[PDB]
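**Q** Provided herewith is a single structure, encoded as structure tokens, for subsequent inquiry.
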Amino acid sequence: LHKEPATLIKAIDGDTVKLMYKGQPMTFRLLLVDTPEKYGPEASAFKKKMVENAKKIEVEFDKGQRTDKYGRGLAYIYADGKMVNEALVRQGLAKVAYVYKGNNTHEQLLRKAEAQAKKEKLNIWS
């Protein structure tokens, strides 16, 4: 997999973000995470801060289908090299979702993060 540059336009929700990608606006849905929205507001504020504070945002498509039926890019999003998808799960602000259409590269990574949050009774796991 490869990271590509993008620019933040707008944080939408814990699990969705609008980016300029290849010099057009596109909406991205985070791979392999389910966020609430309860911890919905907390999940959204965490996502928001992570992307808005980042100096560099990058998009990494997986090896599976790259867009959902709503036209959203399905990707791992990084802020300053740290994966947002992972960060949400590790913080107990998202659960790991089922693999969608072959996009499973970071599934074990995320499951590890989730197990740890759960062991810590953190946020959603409290």
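Letters A, B, ... mark the chains of the structure tokens in the order given; residue numbers begin at 1 per chain; ligand numbers begin at 1, in order shown.
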When you look at range 82-97 of chain A with a cut-off of 9 Å (counting only C-alpha atoms), what residues show up, excluding the ones that are within fewer than 4 positions of it in the same chain? I need them as a ChimeraX atom specification.
**A** /A:14-15,30-36,39-40,42-44,46-47,50-51,76-78,106-107,109-118,120-126
**Q** Extract, using only C-alpha atoms, all DNA, RNA and protein residues at most 12 Å from residue 70 in chain A, discarding same-chain residues fewer than 5 positions from it, and format them as a list in words.
**A** residues 16, 26, 27, 28 and 29 of chain A
**Q** Mind writing the picked residues with N, CA, C and O atoms as a JSON list (two decimals), in the first residue's frame?
**A**
```json
[["chain", "number", "residue", "atom", "x", "y", "z"],
["A", 16, "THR", "N", -16.00, 9.94, 9.04],
["A", 16, "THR", "CA", -15.99, 10.51, 7.70],
["A", 16, "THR", "C", -15.29, 11.87, 7.65],
["A", 16, "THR", "O", -15.43, 12.65, 8.59],
["A", 26, "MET", "N", -13.30, 15.33, -2.08],
["A", 26, "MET", "CA", -13.86, 13.98, -2.02],
["A", 26, "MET", "C", -14.15, 13.66, -0.56],
["A", 26, "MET", "O", -13.45, 14.15, 0.34],
["A", 27, "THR", "N", -15.14, 12.83, -0.31],
["A", 27, "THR", "CA", -15.39, 12.42, 1.06],
["A", 27, "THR", "C", -14.81, 11.02, 1.26],
["A", 27, "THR", "O", -14.94, 10.19, 0.38],
["A", 28, "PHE", "N", -14.22, 10.80, 2.43],
["A", 28, "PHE", "CA", -13.57, 9.53, 2.76],
["A", 28, "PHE", "C", -14.25, 8.94, 3.98],
["A", 28, "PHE", "O", -14.56, 9.64, 4.96],
["A", 29, "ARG", "N", -14.50, 7.64, 3.92],
["A", 29, "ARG", "CA", -14.99, 6.87, 5.03],
["A", 29, "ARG", "C", -13.79, 6.05, 5.55],
["A", 29, "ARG", "O", -13.08, 5.38, 4.80]]
```
**Q** Could you give me, as a ChimeraX atom specification, each residue of chain A that DSSP assigns to strand (DSSP E) when run on this structure's backbone?
**A** /A:4-11,16-21,24-30,33-34,57-61,73-79,82-83,95-96
**Q** Enumerate as a PyMOL selection string all residues of range 66-120 of chain A assigned to helix (DSSP H, G or I) by DSSP on the backbone, naming them with the chain letters and numbers the document uses.
**A** chain A and resi 84-90+107-119
**Q** Which is closest to residue 69 in chain A among A:18, A:101, A:119, A:3, if we use only C-alpha atoms?
**A**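 Residue with the minimum atom-to-atom distance to residue 69 in chain A: A:101.
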**Q** When distances are computed from only C-alpha atoms, which of A:73, A:63, A:19, A:13 shows the smallest separation from residue 37 in chain A?
**A**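 For residue 37 in chain A, the nearest of the given residues is A:13.
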**Q** State, in Å with one decimal place, the distance from CA of residue 24 in chain A to CA of residue 98 in chain A.
**A**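 Interatomic distance here is 29.0 Å.
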